[PDB]
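Presented as structure tokens, the chain that follows is alone, the form deposited in one PDB entry.
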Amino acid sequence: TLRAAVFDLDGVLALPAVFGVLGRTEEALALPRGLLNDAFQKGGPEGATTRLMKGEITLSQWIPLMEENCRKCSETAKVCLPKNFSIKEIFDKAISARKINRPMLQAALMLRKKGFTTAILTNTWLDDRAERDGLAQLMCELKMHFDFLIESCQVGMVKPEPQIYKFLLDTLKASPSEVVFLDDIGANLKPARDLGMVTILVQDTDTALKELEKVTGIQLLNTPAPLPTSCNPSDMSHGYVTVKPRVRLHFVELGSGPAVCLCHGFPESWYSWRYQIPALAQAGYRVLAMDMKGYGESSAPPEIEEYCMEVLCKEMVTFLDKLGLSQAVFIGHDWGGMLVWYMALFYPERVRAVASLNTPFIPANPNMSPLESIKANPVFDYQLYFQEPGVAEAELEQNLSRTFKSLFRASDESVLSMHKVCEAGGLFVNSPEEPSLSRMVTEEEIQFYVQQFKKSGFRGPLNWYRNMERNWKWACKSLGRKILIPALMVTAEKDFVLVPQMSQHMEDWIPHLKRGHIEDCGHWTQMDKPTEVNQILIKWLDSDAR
């Protein structure tokens, strides 16, 4: 019967609640118990705080009004306000003190995921303080997880006036006995209850959630750790840059701060970074997640040379130029890993910082051609299979669903063997027509890749593998050099192709290299261990790219 969930902000989604700072200030400054709240509520519906909450005045017009109220309250109580008493000062501290209440948000997340219509209903103000950005951030981080945000100052009404609940029920397209409403102030529940809404006084979070769990019949507390926030492709800002006449580059863009350019692998998508894209934006970064040349909404010229490393790097630099970026942090995985390394080597001035997932920096062997090298490793066999234009395209484009369902697997979940692919005559010869969904990806996620590769298919992506000679000659020009910009390498325990030991010799070329390791991690790092990936990168960026 419950179909909707409403959360107060202050005291429910954010802690500590600003009303409690009022008590601790009183206590701190040894003021009469409740003085600050008497002054705050002064005049009830005709008072300054209602005008604020109704949106009639801004937070800065309100500040001196509240000071007066404190004077009037302190006079009436026959005490003297302390020297250098400052309402601005106090509210600054208070507002910046509050953070998202993780357990509660995730509870709301869960409820939405099981299909509830969730909303924030809050009395709040038009904040014009020089420090308003802080609160602006919080509300941003919070609003993306809810169907609605109803702000007292935006709708001209306040809790606990009955009108706002009607507005709430209207906005929800629900009837009162279908909503649960959580709030920390009892007065505000009264009117929700009168309409027949389930209510919860939120004192301590956990108890509030136990009640919520009980009423909804969904497990909220003690539940498993949820995935990082993902991306709905159509809620994203999509960018397009022509880097030369044939060729356009597409990216997805989120956040502000230092520019971070995410470079996916074979055969993937900007979408392979769906778990990183929110995290880093939230961490303070401008994330530019590429469709690498040949993929998705990016161009895919058919010629092989269009995909050698030199051209691909030139084109990334041009990307920076047209977009006005003097530098960006480069982070790549798989093929994208290889490319960001060479970016560091040929264009240090344009690379703020470099990092790679799984892809070690391997230098060219001036003495042994890459064809020889690739033969020297059985696990590289599939690469020779990729050389003959047409063969791999045909196998891979034959059933897309099948292809990605088969590639995108966690460690325990392997259904292919990159071992003697050539001999076998294909990648899929002894793997299933209809592989099971891997635990890492949903049917919907797989279909996204499916719809993308329908645009250009595999020629472009496969071409990346077809310039072994050209890339080797090129790479050799950099044998003299060293990587001295900040650099992170991140290894995946259970990558059975990009094994962590391939990275062992990296400090020889990259003396200040920083490292990350991820246990129980296959080749598809971002979607296998998104929490860990986010943790390692954000930590790295904060110390090294700022």
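Counting begins at 1, following the sequence as shown.
Below, we refer to the form solved in complex with a small molecule, which is not included among the displayed structures.
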If we test each of 101, 327, 118, 471 for a heavy atom within 4.5 Å of the small molecule in the deposited bound form, the one that passes is 471
Heavy atom within 4.5 Å of the small molecule in the deposited bound form, from candidates 320, 126, 309, 254, belongs to 309
I'd like to know if residue 475 sits close to the small molecule in the deposited bound form, meaning any non-hydrogen atom pair within 4.5 angstroms.
yes
Can you tell me if residue 275 lies within 4.5 angstroms of the small molecule in the deposited bound form, counting non-hydrogen atoms only? no
Margin query: Considering non-hydrogen atoms and a 4.5 Å limit, does the small molecule approach residue 453 in the deposited bound form?
Written below: no
Subject >> Contact flag, residue 165 vs the small molecule in the deposited bound form, heavy atom cut 4.5 Å >> reply: no
Honest question, do 347, 351 and 484 all end up within 4.5 Å of the small molecule in the deposited bound form by heavy atom distance? no
Here the chain appears without its partner; judged in the deposited bound form, the stretch of 336-344, 82-90, 208-216, 190-198 with heavy atoms within 4.5 Å of the small molecule is 336-344
